[PDB]
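Peer 1: Before I ask anything, here is the structure I am working with.
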Amino acid sequence: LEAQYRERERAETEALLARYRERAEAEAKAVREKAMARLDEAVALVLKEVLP
Amino acid sequence: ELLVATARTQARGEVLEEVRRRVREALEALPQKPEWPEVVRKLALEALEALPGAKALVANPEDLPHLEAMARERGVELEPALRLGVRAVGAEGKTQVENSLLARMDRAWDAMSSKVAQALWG
Amino acid sequence: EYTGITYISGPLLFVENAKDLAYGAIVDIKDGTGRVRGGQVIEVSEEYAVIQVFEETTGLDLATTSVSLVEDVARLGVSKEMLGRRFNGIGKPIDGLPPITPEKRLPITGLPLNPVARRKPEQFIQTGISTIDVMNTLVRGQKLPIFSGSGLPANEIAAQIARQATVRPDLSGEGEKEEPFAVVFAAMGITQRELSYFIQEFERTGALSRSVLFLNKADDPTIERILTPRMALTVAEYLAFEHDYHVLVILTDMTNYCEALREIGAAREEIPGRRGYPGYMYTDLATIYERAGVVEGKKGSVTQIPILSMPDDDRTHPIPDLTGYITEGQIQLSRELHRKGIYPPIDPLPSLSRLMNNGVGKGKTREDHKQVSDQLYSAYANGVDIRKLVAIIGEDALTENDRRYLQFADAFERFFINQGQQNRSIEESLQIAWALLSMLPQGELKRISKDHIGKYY
Amino acid sequence: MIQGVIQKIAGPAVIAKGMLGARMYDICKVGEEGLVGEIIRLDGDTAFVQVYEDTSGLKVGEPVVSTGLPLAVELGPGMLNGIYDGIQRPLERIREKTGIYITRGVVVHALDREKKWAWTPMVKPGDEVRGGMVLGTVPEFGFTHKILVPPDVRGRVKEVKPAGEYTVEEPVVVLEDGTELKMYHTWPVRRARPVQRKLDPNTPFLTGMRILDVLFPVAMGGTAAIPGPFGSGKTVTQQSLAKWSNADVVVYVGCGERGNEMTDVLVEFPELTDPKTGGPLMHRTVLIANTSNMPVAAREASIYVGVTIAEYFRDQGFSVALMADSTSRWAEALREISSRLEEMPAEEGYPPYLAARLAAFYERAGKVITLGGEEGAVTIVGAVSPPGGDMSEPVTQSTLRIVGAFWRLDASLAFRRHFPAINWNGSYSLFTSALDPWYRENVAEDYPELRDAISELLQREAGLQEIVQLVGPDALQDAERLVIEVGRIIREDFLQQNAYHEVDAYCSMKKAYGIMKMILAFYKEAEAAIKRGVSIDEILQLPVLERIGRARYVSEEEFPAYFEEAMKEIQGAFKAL
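The structure is reproduced here in structure tokens:
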């Protein structure tokens with residue numbers, strides 16, 4: 069019983085991780101794509117506070 | 065959950081250090097720009113106004129053209147060797163407050179790290 | 007520059023031109039080794055200051071004595087992304103996430119809790135154990151010290167209870183979502199094994215994506231020792247009061263914390279104290295512990311559990327005395343118990359928690375609990391009186407009552423005190439107590455009412 | 001270079017002047033003979049000279065010209081086989097060029113400069129180096145002694161001198177970084193060979209005893225201590241690490257141990273057999289010991305300098321055994337600094353530097369995976385004593401009692417027939433719960449069962465000890481005198497071991513296994529003997545009492561068949577009655 073429950077759990081502790089990876093990477097992209105448009109604005113705020 | 069944190073931090077990094085790449089490219093080609101006197105003069109202003117008494121407001125010698133005016137307001141200017151800063155030296159000893167575009171850049175992701183995160187993401 | 011270098015013997019430094027510097031400041035020192043080092047600026051004057059270098063003292067030269075002002079004001083981030091990371095020391099990359107997250111540059115000490123903004127305990131936590139949650143309720147914002155010995159491993163019996171501890175306010179009608187399990191840990195001066203044995207427990211089963219470590223190695227300088235707590239201290243305020251989370255601060259090894267401190271104070275012209283340990287301890291030790299206690303309108307507050315070492319739990323030096331005024335209760339460790347492998351080892355009459363019924367009531371930890379909690383005190387304590395005397399009173403006088411009280415003990419230490427690393431709740435930790443007492447007659451039960459007996463036996 | 005002469009000569013608190021471009025904690029030359037000092041203060045132009053070799057006529061107006069290294073250790077061959085100091089000088093050479101005397105102002109070599117060792121090319125100018133890469137394999141006697149590049153020192157090779165012997169001063173590999181890799185090269189001890197991380201031990205180390213391995217295990221990668229107040233037979237546990245250890249490479253160091261206690265120990269070892277070879281024990285031992293005969297300042301340096309010599313072999317792929325012989329000798333040097341510098345130590349007879357310069361050496365190495373990805377494991381068995389006579393003092397608890405094992409000792413303990421002694425009660429083991437795998441597999445699969453069941457009696461006996469010093473037990477009962485007499489023989493024959501014979505000590509798996517089951521069994525059989533009504537008097541006057549009495553005069557070799565015959569005499573003279 070334990071024998072058919074250990075392999076069960078193994079295949080679920082693979083399924084769970086597999087989905088986490090897909091969100092993680094898509095939400096990694098969502099932090100890239102959000103920045104690269106509001107990118108010149110950051111450089112502006114930085115520049116403006118180094119040169120005084 | 066750890067995997068989410070790591071893949072985001074990795075993504076977030078690339079953007080901060082590339083922002084740094086664009087910012088440092090601008091400072092490297094700063095002398096080329098005609099906005100070079102306005103910057104140099106304001107940096108040395110806080111310096112002489114601060115802890116260095118202006119014994120000598122030591123500069124690089126090709127930024128001596130672009131600060132010879134405020135040599136005549138304070139100090140005698142003769145280098146850091148970066149060509150992108152101004153050391154100031156005081157009459158206390160030598161004192162030593164160096165306001166470099168490099169030095170203000172290094173402490174501005176540890177001194178106004180908040181401000182760049184708000185402008186990219188919020 | 008910042009010359010005027012006199013008495014550089016060990017990590018002392020005097021420098022003149024400290025009219026630009028502040029107390030409570032930290033500065034970059036430059037030298038020709040190429041090492042850039044900190045160390046706090048203490049005992050300042052218009053001339054001579056005292057700086058104590060971040061790392062060692064090997065590199066200081068006479069050529070370059072300049073100091074790049076970092077900031078007179080004390081800078082300290084308040085973080086909010088630190089709820090599932092790993093760090094050792096001040097905050098250095100172990101898991102490769104960045105030290106801290108800025109919001110503010112708050113000082114290290116902003117000054118503790120205002121007393122009229124503090125409310126009574128009214129909730130409890132559960133550490134997965136029996137004897138220290140049934141017999142003595144660990145309440146809301148309680149400050150409960152665990153006096154450990156020397157020659158015994160403090161550190162293991164600590165983190166053991168890490169995974170076991172998952173809170174259970176179930177019985178009161180609140181979840182573990184309104185009481186989250188946040189382990190914020192700050193040790194100092196810990197061994198190379200023990201520092202890796204800590205992270206092992208965490209990484210075992212899921213509990214490191216809801217907790218942060220900080221632990222200043224016994225080879226990380228005595229200057230960094232002190233600030234280690236103050237860091238996560240100021241972050242903690244913002245965790246449990248302003249996110250409504252519930253943190254549990256577990257400190258370990260206080261001896262190191264207090265040794266290093268002494269060196270610092272001895273150069274500010276403060277005399278050390280009784281049995282060499284400092285007398286300016288009191289103030290400084292307060293500030294870590296007094297950010298404990300509930301807060302009006304803010305449900306989440308930090309529970310404090312400090313752990314410290316003594317030679318045999320003797321009270322003949324400062325380390326317990328001091329502590330023992332601001333903190334409530336003590337829970338000392340038995341040689342008998344720990345030999346036999348009964349964990350965690352908690353004494354009979356020597357052990358008691360000052361509060362245990364003003365954070366819990368009836369039906370919040372069960373109703374029978376009331377009188378069950380003062381049974382097993384008087385009921386356990388009776389077997390300890392013949393737990394070795396069975397042949398010192400010969401076989402020439404032997405009685406039924408006390409004999410049965412030997413068998414009580416053996417099953418009380420096996421089953422009740424120790425429960426392995428297996429998890430328990432209030433209701434399962436209560437089961438054990440009743441069952442064992444069932445051997446015993448009704449005539450040896452006296453601290454529990456017939457009402458409670460008419461519920462469970 | 002650095003200038004200056006003596007301003008104020010005043011024995012060992014000398015104040016130089018004119019010191020410019022000096023730097024803290026750096027080796028120098030002072031005087032006209034050269035006594036070898038260290039900058040332990042700077043105060044502008046003036047610097048506190050620390051004076052190692054004794055002053056005898058040194059004056060005002062003598063050189064103080066700073067070498068400019070921070071006690072840098074010359075890495076390279078010559079170490080294996082020899083007598084060295086804790087800041088590195090070979091006592092072979094001092095004795096060979098002076099007398100039998102040690103003359104002050106006579107500084108001999110840093111390592112070698114007249115010895116040559118065979119170079120085998122193993123790098124070419126085509127490839128690059130990294131830190132913790134083999135440059136070649138030099139053969140020093142029966143051991144194998146490579147050369148490595150220290151870490152943070154790296155380049156791209158540019159030559160490699162061909163096969164042949166070469167003097168150690170010279171290079172043999174040169175790099176395109178302005179550095180040249182030598183068989184005599186300065187490396188700081190202030191930045192002693194970096195590692196990848198601290199790891200948890202889980203493989204035990206063995207001294208070949210039945211009390212330092214059995215009831216309270218020691219670890220490989222470990223830390224331990226065995227305090228024995230004001231001497232108590234704590235020096236004898238190095239006649240047990242002498243030729244019964246499993247350390248591939250021994251590195252024996254003493255802070256400044258007094259000559260007489262290392263007269264018989266010091267020359268005992270070249271005479272001794274080498275278990276890792278056969279000849280002198282000095283094929284594996286390095287011996288970097290510092291004595292009272294050696295400089296009084298050298299004692300202060302000693303530990304933080306001698307750590308780096310432990311590390312160079314440990315890095316390569318060795319399971320080095322480092323022992324600081326009585327760390328209290330280091331405390332007497334550390335606290336003397338105050339006296340000479342006009343500062344008071346930390347109050348109540350405690351040293352000013354507590355944690356700072358103690359804990360850091362200890363935790364510098366001990367089961368740590370390296371940068372090369374090799375396993376560096378330093379095993380120490382601290383042979384300490386308490387400085388105040390009390391063990392409630394900081395330095396004891398902070399790294400000498402939060403250690404992996406503690407064994408207490410008394411004075412009348414060791415006098416009976418115990419050397420090295422351990423207490424029966426007062427000895428606990430702080431790490432054993434990670435050393436059980438290895439014991440189970442390698443030794444015996446029921447071994448964590450058989451040590452907990454011996455200790456159980458050994459320590460519960462304390463229960464009775466208290467009632468003695470109370471009213472006293474006078475109720476002689478069978479279950480009474482059962483514990484009493486059992487435990488007694490355990491202290492009389494099993495804690496009484498001599499590190500002087502190979503039949504009273506020296507243990508391998510089957511001997512350590514065997515003895516520990518011998519007792520258990522007899523005890524076991526006594527439990528059910530007495531229960532029927534067989535008096536303890538008649539148990540005592542059996543010949544089987546004498547067999548346990550003849551289980552400390554039996555060799556390891558014989559041990560196998562000895563035990564196999566005696567298991568029958570147990571079951572015969574017990575069950576039957």
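Residue numbers (the entry's author numbering), protein chains in the order written: chain J, 69 to 120; chain H, 65 to 142, 145 to 188; chain F, 7 to 463; chain A, 1 to 577.
C-beta atoms are modelled at their ideal positions from N, C-alpha and C, and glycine is treated no differently.
#1: Using a Cβ-Cβ cut-off of 6 Å (strictly less than) and excluding sequence neighbours within five positions of A/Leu241, which residues of its own chain qualify?
#2: Can we say the region 506-513 of chain A touches the region 423-430 of chain F, given the rule of at least three CB pairs closer than 8 Å?
#3: Check whether the region 30-49 of chain F and the region 74-84 of chain F are in contact - that is, three or more C-beta pairs closer than 8 Å.
#4: Quick one: Cα of H/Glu158 to Cα of A/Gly178, how far?
#5: Along the region 39-73 of chain F, what residues have a CB closer than 9 Å to any CB found in chain B?
#6: Just tell me which of F/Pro105, F/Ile352 and F/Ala266 has its CA closest to the CA of F/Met287.
#7: Using only the alpha-carbon positions, how far apart do H/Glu89 and F/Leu66 sit?
#8: From J/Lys97 to H/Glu81, what distance separates their C-alpha atoms?
#9: Does any residue of chain F have a CB that is nearer than 8 Å to the CB of H/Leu107?
#10: So what's F/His375 in DSSP terms, helix, strand or just coil?
#11: Return the chain-ordered list of same chain residues with a C-beta closer than 7 Å to the C-beta of A/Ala453, the five sequence neighbours on each side being excluded.
#12: Where does A/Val471 sit, in a helix, a strand or coil, going by DSSP?
#13: A/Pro194 and A/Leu435 - do their beta-carbons sit closer together than 8 Å?
#14: Would you say J/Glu80 faces chain H, with C-beta separation under 8 Å as the test?
#15: A/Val368 to F/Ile459, Cα distance in whole Å?
#16: Check for me: the alpha helix (DSSP H) holding residue 610 of chain A runs from which residue to which?
#17: Pick out whichever of A/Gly549, A/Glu492, A/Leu476 and A/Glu556 has its Cα sitting closest to the Cα of A/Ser535.
#18: For chain J, is any of its Cβ atoms less than 8 Å away from the one on H/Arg72?
#19: Please classify F/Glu275 as buried or exposed, where buried requires at least 16 other C-beta atoms within 10 Å of its C-beta.
#20: Distance cutoff 8 Å, beta carbons only. Does H/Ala90 sit that close to anything in chain J?
#21: Give me the chain F residues within the contact set of A/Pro201, using Cβ-Cβ distance strictly less than 8 Å, ordered along the chain.
#22: Any beta carbon of chain A sitting closer than 8 Å to that of F/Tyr13?
#23: Contact between the region 292-311 of chain F and the region 102-113 of chain F: three or more CB pairs below 8 Å?
#24: Smallest Cα separation from A/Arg451: which of A/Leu212, A/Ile83 and A/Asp26?
#25: Using the Cβ count rule (16 or more neighbours within 10 Å means buried), how would you classify F/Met141?
#26: Out of A/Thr186, A/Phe141 and A/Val168, point me to the one whose CA is closest to A/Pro150's CA.
#27: Under DSSP, the alpha helix (DSSP H) around H/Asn165 begins and ends at which residues?
#28: Would you say the region 317-324 of chain A touches the region 373-380 of chain A, given that touching needs at least three Cβ pairs under 8 Å?
#29: On the DSSP bridge assignment, give the partners of A/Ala405 in chain order.
#30: Go ahead and pull the three-state DSSP assignment for F/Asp327.
#31: Name, in chain order, the residues that DSSP records as bridge partners for F/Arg43.
#32: Leaving out five residues before and five after F/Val390 in sequence, what residues of the same chain have Cβ atoms less than 6 Å from its Cβ?
#33: For A/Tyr353, name the three-state secondary structure that DSSP assigns.
#34: Excluding the five sequence neighbours on either side, which residues of its own chain have a C-beta within less than 6 Å of the C-beta of A/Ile15, listed in chain order?
#35: Any idea if residue 4 of chain F is buried or exposed, counting beta-carbon neighbours within 10 angstroms, 16 or more meaning buried?
#36: Using DSSP with H/G/I as helix, E/B as strand and the rest coil, what is H/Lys119?
Peer 2: Short version:
#1: Counting from 1 along the fourth sequence, the entry for residue 241 of chain A is found at position 241. Cβ within range, chain order: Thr207.
#2: Short answer: they don't touch.
#3: yes
#4: Counted from its first residue, the second sequence places residue 158 of chain H at position 92. Counted from its first residue, the fourth sequence places residue 178 of chain A at position 178. For H/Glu158 and A/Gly178, the distance between alpha carbons rounds to 39 Å.
#5: Of the chains in the structure shown, none is chain B; the protein chains are J, H, F and A.
#6: Residue numbering aside, residue 287 of chain F sits at position 281 when the third sequence is read from its first letter. Considering only alpha carbons, the answer is F/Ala266.
#7: Residue numbering aside, residue 89 of chain H sits at position 25 when the second sequence is read from its first letter. Residue numbering aside, residue 66 of chain F sits at position 60 when the third sequence is read from its first letter. Whole-angstrom Cα-Cα distance: 35 Å.
#8: Taking the first sequence and counting its residues from 1, one reaches residue 97 of chain J at position 29. Taking the second sequence and counting its residues from 1, one reaches residue 81 of chain H at position 17. Answer to the nearest angstrom: the Cα atoms are 17 Å apart.
#9: As a first step, residue 107 of chain H is located in the second sequence; it is residue number 43 there, counting from the start. Cβ-Cβ to chain F under 8 Å: no for H/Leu107.
#10: On the third sequence, residue 375 of chain F is found 369 positions in, with the first residue counted as 1. Reduced to three states, the DSSP call for F/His375 is helix.
#11: Locating residue 453 of chain A in the fourth sequence gives position 453, where the first residue counts as 1. Taken in chain order, the residues that qualify are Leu520.
#12: As a position in the fourth sequence, residue 471 of chain A is number 471, starting the count at 1. Coil.
#13: Looking up residue 435 of chain A in the fourth sequence gives position 435. Looking up residue 194 of chain A in the fourth sequence gives position 194. No, these two residues do not count as a Cβ contact at 8 Å.
#14: Residue 80 of chain J sits at position 12 when you count from the first residue of the first sequence. J/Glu80 does not count as touching chain H.
#15: Taking the first residue of the fourth sequence as position 1, residue 368 of chain A is located at position 368. Taking the first residue of the third sequence as position 1, residue 459 of chain F is located at position 453. Whole-angstrom Cα-Cα distance: 57 Å.
#16: Shown here, chain A extends from 1 to 577; a query on residue 610 of chain A therefore has no answer.
#17: In the fourth sequence, the residue the question calls residue 535 of chain A occupies position 535. It is A/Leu476 whose Cα lies nearest to the Cα of A/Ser535.
#18: In the second sequence, counting from the first residue as 1, residue 72 of chain H sits at position 8. At least one chain J Cβ lies under 8 Å of H/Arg72.
#19: As a working note, residue 275 of chain F is residue 269 in the third sequence. Exposed is the call here.
#20: As a first step, residue 90 of chain H must be located in the second sequence, where it is residue number 26. H/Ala90 counts as touching chain J.
#21: The count along the fourth sequence starts at 1 and reaches residue 201 of chain A at position 201. Result: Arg199.
#22: Taking the first residue of the third sequence as 1, we reach residue 13 of chain F at position 7. Output row for F/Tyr13: interface = yes.
#23: Taking a contact to require three or more Cβ pairs closer than 8 Å, the region 292-311 of chain F and the region 102-113 of chain F do not qualify as touching.
#24: Numbered from its first residue, the fourth sequence carries residue 451 of chain A at position 451. It is A/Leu212.
#25: Counted from its first residue, the third sequence places residue 141 of chain F at position 135. Buried, by the Cβ-count rule.
#26: Counted from its first residue, the fourth sequence places residue 150 of chain A at position 150. The residue with the shortest Cα to Cα distance from A/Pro150 is A/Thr186.
#27: For this step, residue 165 of chain H is matched to residue 99 along the second sequence. No alpha helix (DSSP H) contains H/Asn165, which is instead part of the beta strand (DSSP E) from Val163 to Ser166.
#28: yes
#29: One-based indexing of the fourth sequence puts residue 405 of chain A at position 405. Paired residues: A/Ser429.
#30: Translated into positions along the third sequence, residue 327 of chain F becomes position 321. Reduced to three states, the DSSP call for F/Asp327 is helix.
#31: Stepping through the third sequence from its first residue, residue 43 of chain F is reached at position 37. Paired residue(s): F/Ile35.
#32: Start at 1 with the first residue of the third sequence, and residue 390 of chain F comes out as number 384. Cβ within range, chain order: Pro354.
#33: Your numbering for residue 353 of chain A matches position 353 in the fourth sequence. Coil at A/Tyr353, not helix or strand.
#34: Residue mapping note: residue 15 of chain A aligns to position 15 of the fourth sequence, counting from 1. So the qualifying residues of the chain are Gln7, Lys8 and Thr46.
#35: As displayed, chain F neither begins before 7 nor continues past 463, which places residue 4 of chain F out of reach and without an answer.
#36: By one-based count along the second sequence, residue 119 of chain H stands at place 55. H/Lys119 falls in the coil class under three-state DSSP.
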